[PDB]
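Shown next: target_0.cif, containing mmCIF, C-alpha atoms and all ligand atoms.
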data_query
#
loop_
_atom_site.label_atom_id
_atom_site.label_comp_id
_atom_site.auth_asym_id
_atom_site.auth_seq_id
_atom_site.Cartn_x
_atom_site.Cartn_y
_atom_site.Cartn_z
CA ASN O 1 -19.33 -14.42 19.18
CA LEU O 2 -16.69 -11.98 20.45
CA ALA O 3 -12.92 -12.55 20.55
CA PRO O 4 -11.27 -12.07 23.96
CA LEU O 5 -9.79 -8.61 24.50
CA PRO O 6 -6.01 -8.46 23.83
CA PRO O 7 -4.26 -7.12 26.99
CA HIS O 8 -2.79 -4.05 25.21
CA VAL O 9 -6.31 -2.70 24.45
CA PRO O 10 -7.94 -0.61 27.26
CA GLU O 11 -11.54 -1.41 28.15
CA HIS O 12 -12.76 2.21 27.76
CA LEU O 13 -12.08 2.04 23.98
CA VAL O 14 -14.18 -1.09 23.38
CA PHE O 15 -17.30 -0.67 21.23
CA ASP O 16 -18.64 -3.93 19.76
CA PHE O 17 -19.62 -2.77 16.26
CA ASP O 18 -20.30 -5.57 13.75
CA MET O 19 -19.51 -4.29 10.21
CA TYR O 20 -21.48 -7.20 8.71
CA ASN O 21 -24.54 -6.73 10.97
CA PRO O 22 -24.86 -3.26 12.57
CA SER O 23 -27.76 -2.99 14.97
CA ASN O 24 -29.56 0.01 13.41
CA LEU O 25 -29.48 -1.40 9.86
CA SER O 26 -33.25 -1.13 9.41
CA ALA O 27 -32.91 2.68 9.60
CA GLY O 28 -30.59 2.50 6.51
CA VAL O 29 -26.89 1.63 6.11
CA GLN O 30 -25.20 5.05 6.43
CA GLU O 31 -27.37 5.93 9.48
CA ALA O 32 -26.35 2.60 11.05
CA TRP O 33 -22.63 3.32 10.59
CA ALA O 34 -22.96 6.91 11.84
CA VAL O 35 -23.63 5.54 15.40
CA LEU O 36 -19.82 5.37 15.55
CA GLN O 37 -19.82 9.18 15.34
CA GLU O 38 -22.04 9.88 18.39
CA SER O 39 -20.33 12.23 20.86
CA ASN O 40 -19.73 9.49 23.50
CA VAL O 41 -17.73 7.44 20.96
CA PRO O 42 -13.91 8.11 20.81
CA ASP O 43 -12.08 8.82 17.48
CA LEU O 44 -10.54 5.34 17.60
CA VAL O 45 -12.25 2.29 19.07
CA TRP O 46 -11.74 -1.49 19.30
CA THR O 47 -14.50 -3.96 18.43
CA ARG O 48 -14.33 -7.57 19.60
CA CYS O 49 -16.51 -8.65 16.63
CA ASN O 50 -15.13 -10.37 13.52
CA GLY O 51 -11.90 -11.51 15.25
CA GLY O 52 -11.14 -8.15 16.89
CA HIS O 53 -9.90 -4.97 15.16
CA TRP O 54 -9.60 -1.18 15.46
CA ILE O 55 -12.05 1.28 13.85
CA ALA O 56 -11.14 4.93 13.05
CA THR O 57 -14.46 6.85 13.28
CA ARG O 58 -13.56 10.40 12.08
CA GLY O 59 -12.41 11.76 8.72
CA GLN O 60 -9.11 13.16 10.08
CA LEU O 61 -7.81 9.76 11.30
CA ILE O 62 -9.11 7.83 8.25
CA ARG O 63 -7.24 10.21 5.90
CA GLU O 64 -4.05 10.10 8.03
CA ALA O 65 -3.87 6.32 8.18
CA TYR O 66 -4.52 5.98 4.45
CA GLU O 67 -1.68 8.44 3.86
CA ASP O 68 0.74 6.56 6.18
CA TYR O 69 1.28 3.25 4.28
CA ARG O 70 4.57 2.68 6.14
CA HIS O 71 2.67 2.05 9.40
CA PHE O 72 -0.71 1.02 7.85
CA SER O 73 -0.08 -1.75 5.24
CA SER O 74 -2.37 -3.09 2.49
CA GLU O 75 -0.87 -6.59 2.76
CA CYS O 76 -4.06 -7.51 4.68
CA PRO O 77 -6.80 -5.07 3.66
CA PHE O 78 -9.93 -7.06 4.66
CA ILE O 79 -11.58 -7.75 8.04
CA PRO O 80 -11.57 -10.54 9.06
CA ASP O 81 -5.13 -12.00 -4.49
CA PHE O 82 -6.04 -9.15 -6.94
CA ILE O 83 -3.41 -6.62 -8.07
CA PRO O 84 -2.63 -3.95 -7.01
CA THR O 85 -5.01 -4.02 -4.00
CA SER O 86 -2.65 -5.96 -1.69
CA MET O 87 0.56 -4.05 -2.49
CA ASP O 88 2.33 -1.08 -0.90
CA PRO O 89 4.66 1.36 -2.67
CA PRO O 90 7.24 0.85 -4.22
CA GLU O 91 5.98 -2.28 -6.05
CA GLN O 92 2.36 -1.00 -6.27
CA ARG O 93 3.31 2.03 -8.42
CA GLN O 94 4.20 -0.01 -11.52
CA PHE O 95 1.00 -2.08 -11.55
CA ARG O 96 -1.11 1.04 -10.85
CA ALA O 97 0.45 2.97 -13.77
CA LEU O 98 -0.48 0.15 -16.18
CA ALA O 99 -4.11 -0.18 -14.97
CA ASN O 100 -4.43 3.60 -15.38
CA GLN O 101 -3.76 3.14 -19.13
CA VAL O 102 -7.02 1.16 -19.39
CA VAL O 103 -9.43 3.29 -17.22
CA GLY O 104 -7.77 6.72 -17.14
CA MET O 105 -9.43 10.03 -18.03
CA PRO O 106 -8.46 9.89 -21.75
CA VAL O 107 -10.11 6.46 -22.09
CA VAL O 108 -13.27 7.69 -20.31
CA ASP O 109 -13.45 10.74 -22.61
CA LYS O 110 -13.37 8.61 -25.76
CA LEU O 111 -15.96 6.06 -24.50
CA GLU O 112 -18.27 8.82 -23.24
CA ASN O 113 -20.95 8.45 -25.94
CA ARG O 114 -20.72 4.64 -26.07
CA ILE O 115 -21.57 4.90 -22.38
CA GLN O 116 -24.62 7.12 -23.07
CA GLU O 117 -25.86 4.77 -25.87
CA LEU O 118 -25.79 1.78 -23.53
CA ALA O 119 -27.76 3.74 -20.88
CA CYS O 120 -30.36 4.96 -23.40
CA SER O 121 -31.04 1.50 -24.81
CA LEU O 122 -31.33 -0.14 -21.35
CA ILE O 123 -33.71 2.61 -20.13
CA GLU O 124 -35.75 2.61 -23.38
CA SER O 125 -36.50 -1.12 -23.13
CA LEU O 126 -37.76 -0.65 -19.53
CA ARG O 127 -39.67 2.62 -20.08
CA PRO O 128 -42.91 1.12 -21.60
CA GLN O 129 -43.20 -1.49 -18.83
CA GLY O 130 -44.09 0.95 -16.04
CA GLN O 131 -41.97 -1.08 -13.57
CA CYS O 132 -38.59 -2.73 -13.02
CA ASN O 133 -36.25 -4.44 -10.57
CA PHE O 134 -33.71 -1.59 -10.80
CA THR O 135 -30.71 -3.43 -9.27
CA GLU O 136 -31.41 -6.46 -11.48
CA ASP O 137 -32.56 -4.62 -14.63
CA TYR O 138 -30.20 -1.63 -14.86
CA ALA O 139 -27.57 -1.29 -12.09
CA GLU O 140 -25.98 -4.68 -12.95
CA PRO O 141 -26.34 -4.83 -16.78
CA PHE O 142 -24.94 -1.25 -17.27
CA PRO O 143 -21.39 -1.63 -15.75
CA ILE O 144 -20.93 -5.25 -16.92
CA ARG O 145 -21.72 -4.13 -20.51
CA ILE O 146 -19.25 -1.26 -20.12
CA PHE O 147 -16.60 -3.81 -19.05
CA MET O 148 -17.33 -5.95 -22.16
CA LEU O 149 -16.87 -2.78 -24.26
CA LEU O 150 -13.61 -1.90 -22.44
CA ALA O 151 -12.18 -5.46 -22.56
CA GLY O 152 -13.29 -6.28 -26.18
CA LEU O 153 -15.37 -9.27 -25.08
CA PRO O 154 -18.38 -10.81 -26.84
CA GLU O 155 -21.95 -10.17 -25.66
CA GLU O 156 -22.84 -13.91 -25.31
CA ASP O 157 -20.37 -14.13 -22.42
CA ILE O 158 -22.38 -11.76 -20.18
CA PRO O 159 -24.61 -14.33 -18.35
CA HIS O 160 -21.64 -16.57 -17.49
CA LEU O 161 -19.47 -13.60 -16.40
CA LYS O 162 -22.34 -12.08 -14.33
CA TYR O 163 -22.70 -15.49 -12.67
CA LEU O 164 -19.01 -15.86 -11.67
CA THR O 165 -18.83 -12.34 -10.21
CA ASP O 166 -22.08 -12.84 -8.31
CA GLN O 167 -20.40 -15.80 -6.63
CA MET O 168 -17.56 -13.70 -5.17
CA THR O 169 -20.13 -11.40 -3.52
CA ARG O 170 -23.28 -13.61 -3.15
CA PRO O 171 -22.45 -17.37 -3.25
CA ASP O 172 -25.18 -19.97 -3.86
CA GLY O 173 -22.99 -22.95 -2.87
CA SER O 174 -22.10 -24.22 -6.37
CA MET O 175 -18.41 -23.43 -5.93
CA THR O 176 -16.07 -22.01 -3.25
CA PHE O 177 -14.55 -18.50 -3.30
CA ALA O 178 -11.29 -19.77 -4.84
CA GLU O 179 -13.33 -21.84 -7.30
CA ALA O 180 -15.20 -18.76 -8.57
CA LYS O 181 -11.77 -17.07 -8.68
CA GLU O 182 -10.21 -19.90 -10.72
CA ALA O 183 -13.22 -20.15 -13.03
CA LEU O 184 -12.76 -16.42 -13.58
CA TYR O 185 -9.04 -16.96 -14.26
CA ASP O 186 -9.66 -19.98 -16.52
CA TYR O 187 -11.97 -17.72 -18.53
CA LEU O 188 -9.28 -15.01 -18.70
CA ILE O 189 -6.00 -16.89 -19.51
CA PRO O 190 -6.59 -17.86 -23.23
CA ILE O 191 -7.76 -14.31 -24.08
CA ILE O 192 -4.59 -12.92 -22.38
CA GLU O 193 -2.30 -15.43 -24.18
CA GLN O 194 -3.80 -14.67 -27.63
CA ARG O 195 -3.82 -10.86 -27.37
CA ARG O 196 -0.08 -11.09 -26.72
CA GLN O 197 0.07 -12.42 -30.32
CA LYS O 198 -2.43 -10.11 -32.05
CA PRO O 199 -3.43 -7.26 -29.72
CA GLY O 200 -6.38 -4.92 -30.20
CA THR O 201 -6.65 -1.52 -28.54
CA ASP O 202 -8.66 -3.20 -25.72
CA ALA O 203 -7.90 -3.35 -21.97
CA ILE O 204 -6.90 -7.05 -21.92
CA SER O 205 -4.40 -6.46 -24.76
CA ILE O 206 -2.84 -3.45 -22.97
CA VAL O 207 -2.48 -5.27 -19.65
CA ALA O 208 -1.21 -8.44 -21.41
CA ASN O 209 1.54 -6.55 -23.24
CA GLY O 210 2.63 -4.46 -20.23
CA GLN O 211 6.12 -3.93 -18.78
CA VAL O 212 6.75 -3.97 -15.03
CA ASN O 213 9.98 -3.00 -13.22
CA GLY O 214 11.92 -3.41 -16.48
CA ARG O 215 10.49 -6.77 -17.66
CA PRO O 216 7.27 -8.07 -19.36
CA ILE O 217 4.22 -8.84 -17.19
CA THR O 218 3.64 -12.51 -16.30
CA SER O 219 0.43 -14.38 -17.14
CA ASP O 220 -0.14 -14.68 -13.39
CA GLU O 221 0.15 -10.90 -12.80
CA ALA O 222 -1.96 -10.00 -15.87
CA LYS O 223 -4.79 -12.37 -14.87
CA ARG O 224 -4.90 -11.00 -11.31
CA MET O 225 -5.08 -7.42 -12.68
CA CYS O 226 -7.87 -8.00 -15.24
CA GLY O 227 -9.81 -9.74 -12.46
CA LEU O 228 -9.74 -6.57 -10.31
CA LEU O 229 -10.72 -4.44 -13.33
CA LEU O 230 -13.78 -6.66 -13.66
CA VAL O 231 -14.83 -7.00 -10.01
CA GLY O 232 -13.60 -3.46 -9.07
CA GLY O 233 -16.15 -1.74 -11.29
CA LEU O 234 -19.14 -3.94 -10.47
CA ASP O 235 -20.07 -4.24 -6.79
CA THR O 236 -19.39 -0.56 -5.98
CA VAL O 237 -21.19 0.82 -9.05
CA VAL O 238 -24.17 -1.60 -8.83
CA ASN O 239 -24.80 -0.72 -5.18
CA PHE O 240 -24.06 3.00 -5.46
CA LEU O 241 -26.52 3.48 -8.34
CA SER O 242 -29.12 1.60 -6.24
CA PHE O 243 -28.62 3.94 -3.22
CA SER O 244 -28.87 6.99 -5.50
CA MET O 245 -32.06 5.79 -7.25
CA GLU O 246 -33.63 4.71 -3.94
CA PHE O 247 -33.18 8.27 -2.59
CA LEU O 248 -34.49 10.00 -5.76
CA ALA O 249 -37.57 7.72 -5.84
CA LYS O 250 -38.35 8.80 -2.27
CA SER O 251 -37.72 12.52 -2.92
CA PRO O 252 -39.80 14.23 -5.64
CA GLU O 253 -38.33 17.65 -4.71
CA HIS O 254 -34.78 16.53 -5.52
CA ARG O 255 -35.92 14.95 -8.82
CA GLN O 256 -37.63 18.23 -9.84
CA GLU O 257 -34.52 20.27 -9.03
CA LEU O 258 -32.42 18.15 -11.45
CA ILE O 259 -35.18 18.07 -14.07
CA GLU O 260 -35.42 21.91 -14.02
CA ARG O 261 -31.67 22.46 -13.57
CA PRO O 262 -29.82 19.71 -15.54
CA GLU O 263 -26.57 21.71 -15.18
CA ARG O 264 -26.58 20.87 -11.42
CA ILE O 265 -26.29 17.14 -12.26
CA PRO O 266 -22.44 16.88 -11.93
CA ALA O 267 -22.64 18.64 -8.51
CA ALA O 268 -25.55 16.36 -7.57
CA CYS O 269 -23.36 13.34 -8.41
CA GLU O 270 -20.62 14.53 -5.99
CA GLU O 271 -23.20 15.12 -3.21
CA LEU O 272 -24.73 11.63 -3.69
CA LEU O 273 -21.20 10.15 -3.56
CA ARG O 274 -20.73 11.83 -0.15
CA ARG O 275 -24.16 10.96 1.28
CA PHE O 276 -24.34 7.35 0.02
CA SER O 277 -20.65 6.40 0.40
CA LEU O 278 -20.37 2.60 0.74
CA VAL O 279 -16.81 1.20 1.10
CA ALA O 280 -15.05 0.18 4.33
CA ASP O 281 -11.54 -1.25 3.79
CA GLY O 282 -8.75 -1.68 6.27
CA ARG O 283 -5.03 -1.96 6.86
CA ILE O 284 -2.62 -3.92 9.06
CA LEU O 285 0.00 -2.46 11.39
CA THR O 286 3.62 -3.03 10.30
CA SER O 287 5.00 -2.27 13.79
CA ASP O 288 4.11 -0.99 17.26
CA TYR O 289 2.82 2.57 16.86
CA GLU O 290 1.29 5.25 19.07
CA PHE O 291 -1.53 6.88 17.08
CA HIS O 292 -3.42 9.84 18.56
CA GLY O 293 -2.63 8.63 22.10
CA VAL O 294 -3.52 4.97 21.43
CA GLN O 295 -1.03 2.10 21.46
CA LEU O 296 -1.41 0.06 18.27
CA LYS O 297 0.45 -3.25 18.08
CA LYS O 298 2.31 -4.90 15.15
CA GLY O 299 -0.16 -7.14 13.26
CA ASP O 300 -3.32 -5.39 14.61
CA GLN O 301 -5.98 -4.91 11.89
CA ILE O 302 -7.68 -1.50 11.54
CA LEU O 303 -10.91 -0.73 9.74
CA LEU O 304 -10.74 2.67 7.98
CA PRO O 305 -14.25 3.24 6.56
CA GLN O 306 -14.12 5.42 3.42
CA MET O 307 -17.89 5.80 4.11
CA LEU O 308 -17.48 7.74 7.39
CA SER O 309 -15.29 10.69 6.34
CA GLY O 310 -18.06 12.50 4.41
CA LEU O 311 -20.71 11.71 7.05
CA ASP O 312 -18.50 13.26 9.78
CA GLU O 313 -20.10 16.50 11.06
CA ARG O 314 -16.58 17.89 11.36
CA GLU O 315 -16.24 17.66 7.52
CA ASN O 316 -19.77 18.59 6.31
CA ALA O 317 -22.50 20.42 8.29
CA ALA O 318 -25.84 18.55 8.72
CA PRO O 319 -24.22 15.50 7.02
CA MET O 320 -27.43 13.41 6.62
CA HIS O 321 -29.06 16.27 4.64
CA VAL O 322 -28.78 16.00 0.81
CA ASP O 323 -28.13 19.50 -0.57
CA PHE O 324 -27.03 19.67 -4.22
CA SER O 325 -25.74 23.23 -3.64
CA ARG O 326 -23.10 22.64 -0.90
CA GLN O 327 -20.17 24.93 -1.72
CA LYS O 328 -17.68 22.39 -0.32
CA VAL O 329 -18.46 18.67 -0.64
CA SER O 330 -15.85 16.82 1.43
CA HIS O 331 -15.55 12.95 1.22
CA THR O 332 -13.21 9.96 0.76
CA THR O 333 -15.74 7.89 -1.20
CA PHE O 334 -13.14 6.71 -3.75
CA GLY O 335 -10.51 6.36 -1.01
CA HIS O 336 -7.40 8.35 -0.07
CA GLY O 337 -3.63 7.89 -0.49
CA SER O 338 -1.86 5.66 -3.02
CA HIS O 339 -4.79 3.26 -3.63
CA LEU O 340 -7.26 6.00 -4.52
CA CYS O 341 -9.75 4.52 -7.01
CA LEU O 342 -8.39 4.26 -10.55
CA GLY O 343 -11.99 3.96 -11.85
CA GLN O 344 -13.17 7.22 -10.22
CA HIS O 345 -13.45 9.08 -13.53
CA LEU O 346 -15.36 6.19 -15.17
CA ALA O 347 -17.68 5.89 -12.13
CA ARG O 348 -18.58 9.64 -12.16
CA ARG O 349 -19.40 9.49 -15.88
CA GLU O 350 -21.52 6.34 -15.32
CA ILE O 351 -23.45 8.10 -12.51
CA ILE O 352 -23.89 11.37 -14.45
CA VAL O 353 -25.09 9.69 -17.68
CA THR O 354 -27.51 7.55 -15.60
CA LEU O 355 -29.00 10.59 -13.87
CA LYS O 356 -29.42 12.52 -17.14
CA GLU O 357 -30.85 9.70 -19.31
CA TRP O 358 -33.22 8.40 -16.59
CA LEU O 359 -34.59 11.81 -15.57
CA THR O 360 -35.08 12.76 -19.25
CA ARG O 361 -37.02 9.60 -20.12
CA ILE O 362 -38.64 8.64 -16.76
CA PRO O 363 -38.89 11.89 -14.73
CA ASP O 364 -41.56 10.65 -12.30
CA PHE O 365 -41.10 7.34 -10.44
CA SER O 366 -41.66 5.80 -7.01
CA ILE O 367 -40.83 2.82 -4.81
CA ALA O 368 -43.33 0.04 -5.64
CA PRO O 369 -46.32 0.51 -3.26
CA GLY O 370 -46.02 -1.76 -0.21
CA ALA O 371 -42.28 -2.46 -0.64
CA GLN O 372 -39.75 -1.99 2.18
CA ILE O 373 -36.23 -1.60 0.83
CA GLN O 374 -33.66 -3.89 2.48
CA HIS O 375 -29.98 -3.00 2.87
CA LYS O 376 -26.84 -5.08 3.50
CA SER O 377 -23.63 -4.05 5.29
CA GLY O 378 -20.06 -5.16 4.49
CA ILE O 379 -16.77 -4.22 2.86
CA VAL O 380 -19.12 -2.87 0.18
CA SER O 381 -22.54 -1.98 1.67
CA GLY O 382 -25.59 -2.20 -0.58
CA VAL O 383 -29.20 -2.62 -1.64
CA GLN O 384 -30.71 -6.09 -1.92
CA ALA O 385 -33.51 -5.15 -4.35
CA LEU O 386 -35.13 -1.97 -5.65
CA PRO O 387 -38.62 -2.40 -7.14
CA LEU O 388 -39.64 0.83 -8.97
CA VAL O 389 -42.90 1.86 -10.68
CA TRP O 390 -44.02 4.68 -12.99
CA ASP O 391 -46.80 5.66 -15.43
CA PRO O 392 -45.71 5.11 -19.08
CA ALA O 393 -48.01 8.01 -20.19
CA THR O 394 -45.71 10.46 -18.30
CA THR O 395 -42.49 9.27 -19.92
CA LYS O 396 -40.70 10.39 -23.13
CA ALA O 397 -39.03 8.27 -25.81
CA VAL O 398 -35.90 10.19 -26.93
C1 LIG W 401 -19.06 4.26 -7.17
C2 LIG W 401 -18.09 3.55 -7.77
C3 LIG W 401 -16.74 3.24 -7.08
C4 LIG W 401 -16.37 3.40 -5.79
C5 LIG W 401 -17.22 3.98 -4.64
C6 LIG W 401 -15.00 2.95 -5.66
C7 LIG W 401 -14.24 2.95 -4.49
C8 LIG W 401 -12.92 2.55 -4.40
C9 LIG W 401 -12.04 2.63 -3.23
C10 LIG W 401 -12.45 3.17 -1.83
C11 LIG W 401 -10.84 2.15 -3.58
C12 LIG W 401 -9.57 2.03 -2.69
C13 LIG W 401 -9.69 0.87 -1.71
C14 LIG W 401 -8.54 0.78 -0.71
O1 LIG W 401 -7.78 1.75 -0.49
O2 LIG W 401 -8.39 -0.30 -0.10
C15 LIG W 401 -10.92 1.74 -4.98
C16 LIG W 401 -9.89 1.21 -5.72
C17 LIG W 401 -9.90 0.74 -7.03
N1 LIG W 401 -10.93 0.86 -7.94
FE1 LIG W 401 -12.78 1.75 -7.42
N2 LIG W 401 -14.57 2.53 -6.90
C18 LIG W 401 -15.61 2.69 -7.79
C19 LIG W 401 -15.61 2.40 -9.13
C20 LIG W 401 -14.63 1.78 -9.86
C21 LIG W 401 -14.69 1.45 -11.27
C22 LIG W 401 -15.87 1.77 -12.23
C23 LIG W 401 -13.55 0.83 -11.59
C24 LIG W 401 -13.19 0.32 -13.01
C25 LIG W 401 -12.96 -0.97 -13.24
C26 LIG W 401 -12.72 0.76 -10.39
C27 LIG W 401 -11.46 0.23 -10.27
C28 LIG W 401 -10.63 0.29 -9.18
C29 LIG W 401 -9.28 -0.25 -9.11
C30 LIG W 401 -8.52 -0.99 -10.24
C31 LIG W 401 -8.80 0.05 -7.69
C32 LIG W 401 -7.43 -0.31 -7.06
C33 LIG W 401 -6.48 0.89 -7.00
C34 LIG W 401 -5.14 0.45 -6.42
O3 LIG W 401 -5.09 -0.55 -5.66
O4 LIG W 401 -4.11 1.10 -6.69
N3 LIG W 401 -13.42 1.38 -9.36
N4 LIG W 401 -12.19 2.02 -5.44
CL CL W 402 -34.03 -5.25 -8.01
#
Take the structure in the file and give it back as structure tokens.
Ligand code: HEM
Ligand SMILES: [Cl-]
Amino acid sequence: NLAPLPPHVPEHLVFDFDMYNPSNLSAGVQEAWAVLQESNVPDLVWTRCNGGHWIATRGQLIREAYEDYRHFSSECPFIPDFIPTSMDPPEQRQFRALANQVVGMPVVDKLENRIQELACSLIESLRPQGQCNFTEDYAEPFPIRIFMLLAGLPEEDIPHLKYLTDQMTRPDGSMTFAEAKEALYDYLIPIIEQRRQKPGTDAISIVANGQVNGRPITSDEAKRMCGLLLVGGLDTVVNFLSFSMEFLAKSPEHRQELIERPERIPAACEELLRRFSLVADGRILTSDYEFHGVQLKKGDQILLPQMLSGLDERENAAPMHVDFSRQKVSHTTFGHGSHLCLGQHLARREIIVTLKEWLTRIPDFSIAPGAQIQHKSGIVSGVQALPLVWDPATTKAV
């Protein structure tokens, strides 16, 4: 049900969008969100759904608000306890600098070929089967195995770790949110404590032995960081790869272009990131503030969908059209401002390696005949399942 309209909010700005259940979902997730960009919809609206909150609908406002952390705070970033997601500068800067030591560009460059080897061996074991559940069989195992590589963690721990992180996004009832969180932390603590004593060159060891505002990081702070490094690179990557593969399976022309022109693959990656953008975070007002002619009130929540900037016709012409040759690909898929994704370099490499290894070994594939692909909408929008099929005689072992 809807929350009653706060008196400071004018009726002409009220559009009852439900971010967890948009009405045109069956047409696809990005299409469903783009209803907010129809010409009768203002740049900034209020929805009475999910407790009541603002939505900025255009790239210009989304970028501005993400820049202005003094008015738009990350203390409450979700509608309706990881570090540094809930911090503003100044305190955020220290924790962000440390996490960048574990996923930064120099780390991605060294792990580059480990990343390719993991992709090749996952794809090679599927290739002869002529079918797969892509989300289940590749999109999940690939980033979780990269995390295990990054964090120096043994391979037998994958099923249990996959289970705990599935709870935070898709609970089965076994345990509450905080219970999945604590199970995750209980897993993490001993490994953190020991790598203080004999570190490796792994991510847990670096975060465990970190210094923050002059003094050593606490076990509490370390555990809450490692947690975000795990869950931060899962949900987004799993669901983004699914969107990308869904599109390519439905578009033989786009497959052929990348097969014939493998050098376009990094550009193609950027264009898929724009077209199948998937995050919608928010901020909370620190004070009363007039924003583009609209009176915002201290404590108001505002949804700032990273998804919508690149879909905005004011940023990219014919924004639903996938064109790998756009001279200017404009998006905020990895965010904007001081929280801009620390994993953005790792994510791009994961996407690029996936496109190259898959198109090289399984160049021709389709959606399983009969199947209708179902989507979900949220803070991270996604694909529920992606059944794919191909003819093993048309593949290559490499
Ligand atoms: C397609 C893949 C990805 C997408 C679309 C994505 C998107 C985003 C966005 C929009 C934010 C900022 C959220 C906000 O301002 O509230 C963010 C932050 C973050 N991401 Fe990603 N991300 C991706 C992959 C990854 C990967 C692979 C990692 C590695 C573990 C990662 C780690 C992080 C971390 C640690 C932050 C927090 C930055 C901070 O608070 O200072 N991300 N991501
Ligand atoms: Cl699947």
Report the closest atom pair, with its distance in Å rounded to one decimal, for each residue of chain O that has an atom no farther than 10 Å from ligand CL 402 (chain W); count only C-alpha atoms and all ligand atoms, sort by chain and then rising residue number, and write it as JSON lines.
{"residue": "O:132", "atom": "CA", "partner": "W:CL402", "partner_atom": "CL", "distance": 7.2}
{"residue": "O:133", "atom": "CA", "partner": "W:CL402", "partner_atom": "CL", "distance": 3.5}
{"residue": "O:134", "atom": "CA", "partner": "W:CL402", "partner_atom": "CL", "distance": 4.6}
{"residue": "O:135", "atom": "CA", "partner": "W:CL402", "partner_atom": "CL", "distance": 4.0}
{"residue": "O:136", "atom": "CA", "partner": "W:CL402", "partner_atom": "CL", "distance": 4.5}
{"residue": "O:137", "atom": "CA", "partner": "W:CL402", "partner_atom": "CL", "distance": 6.8}
{"residue": "O:138", "atom": "CA", "partner": "W:CL402", "partner_atom": "CL", "distance": 8.6}
{"residue": "O:139", "atom": "CA", "partner": "W:CL402", "partner_atom": "CL", "distance": 8.6}
{"residue": "O:140", "atom": "CA", "partner": "W:CL402", "partner_atom": "CL", "distance": 9.5}
{"residue": "O:242", "atom": "CA", "partner": "W:CL402", "partner_atom": "CL", "distance": 8.6}
{"residue": "O:373", "atom": "CA", "partner": "W:CL402", "partner_atom": "CL", "distance": 9.8}
{"residue": "O:383", "atom": "CA", "partner": "W:CL402", "partner_atom": "CL", "distance": 8.4}
{"residue": "O:384", "atom": "CA", "partner": "W:CL402", "partner_atom": "CL", "distance": 7.0}
{"residue": "O:385", "atom": "CA", "partner": "W:CL402", "partner_atom": "CL", "distance": 3.7}
{"residue": "O:386", "atom": "CA", "partner": "W:CL402", "partner_atom": "CL", "distance": 4.2}
{"residue": "O:387", "atom": "CA", "partner": "W:CL402", "partner_atom": "CL", "distance": 5.5}
{"residue": "O:388", "atom": "CA", "partner": "W:CL402", "partner_atom": "CL", "distance": 8.3}
Name the closest residue to residue O:14 among the candidates O:144, O:49, O:230, O:27; distances are taken between atoms, counting only C-alpha atoms.
->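 Nearest to residue O:14: O:49.
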Check the smallest atom-to-atom distance from each of O:123, O:2, O:55, O:347 to ligand LIG 401 (chain W) using all atoms listed in the file, then report the winner.
->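 Comparing O:123, O:2, O:55, O:347 against ligand LIG 401 (chain W), the winner is O:347.
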Residues within 6 Å of ligand LIG 401 (chain W) (only C-alpha atoms and all ligand atoms), as a list in words?
->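 If we count only C-alpha atoms and all ligand atoms, the neighbours of ligand LIG 401 (chain W) turn out to be residues 84, 85, 96, 228, 229, 230, 232, 233, 236, 237, 240, 279, 281, 306, 333, 334, 335, 339, 340, 341, 342, 343, 344, 346 and 347 of chain O.
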Dump as a PDB file, keeping the file's coordinate frame, selection limited to C-alpha atoms:
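Wrote selection.pdb, looks like this:
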ATOM      1  CA  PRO O  84      -2.630  -3.950  -7.010  1.00  0.00           C
ATOM      2  CA  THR O  85      -5.010  -4.020  -4.000  1.00  0.00           C
ATOM      3  CA  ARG O  96      -1.110   1.040 -10.850  1.00  0.00           C
ATOM      4  CA  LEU O 228      -9.740  -6.570 -10.310  1.00  0.00           C
ATOM      5  CA  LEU O 229     -10.720  -4.440 -13.330  1.00  0.00           C
ATOM      6  CA  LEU O 230     -13.780  -6.660 -13.660  1.00  0.00           C
ATOM      7  CA  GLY O 232     -13.600  -3.460  -9.070  1.00  0.00           C
ATOM      8  CA  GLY O 233     -16.150  -1.740 -11.290  1.00  0.00           C
ATOM      9  CA  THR O 236     -19.390  -0.560  -5.980  1.00  0.00           C
ATOM     10  CA  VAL O 237     -21.190   0.820  -9.050  1.00  0.00           C
ATOM     11  CA  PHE O 240     -24.060   3.000  -5.460  1.00  0.00           C
ATOM     12  CA  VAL O 279     -16.810   1.200   1.100  1.00  0.00           C
ATOM     13  CA  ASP O 281     -11.540  -1.250   3.790  1.00  0.00           C
ATOM     14  CA  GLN O 306     -14.120   5.420   3.420  1.00  0.00           C
ATOM     15  CA  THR O 333     -15.740   7.890  -1.200  1.00  0.00           C
ATOM     16  CA  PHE O 334     -13.140   6.710  -3.750  1.00  0.00           C
ATOM     17  CA  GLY O 335     -10.510   6.360  -1.010  1.00  0.00           C
ATOM     18  CA  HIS O 339      -4.790   3.260  -3.630  1.00  0.00           C
ATOM     19  CA  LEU O 340      -7.260   6.000  -4.520  1.00  0.00           C
ATOM     20  CA  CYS O 341      -9.750   4.520  -7.010  1.00  0.00           C
ATOM     21  CA  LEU O 342      -8.390   4.260 -10.550  1.00  0.00           C
ATOM     22  CA  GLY O 343     -11.990   3.960 -11.850  1.00  0.00           C
ATOM     23  CA  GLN O 344     -13.170   7.220 -10.220  1.00  0.00           C
ATOM     24  CA  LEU O 346     -15.360   6.190 -15.170  1.00  0.00           C
ATOM     25  CA  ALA O 347     -17.680   5.890 -12.130  1.00  0.00           C
TER      26      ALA O 347
END
Which residues, protein or nucleic acid, reach to within 7 Å of (-17.5, -12.8, 19.0) in the file's coordinates when using only C-alpha atoms, and can you give that as an NGL selection string?
-> :O and (1-3 or 48-51)
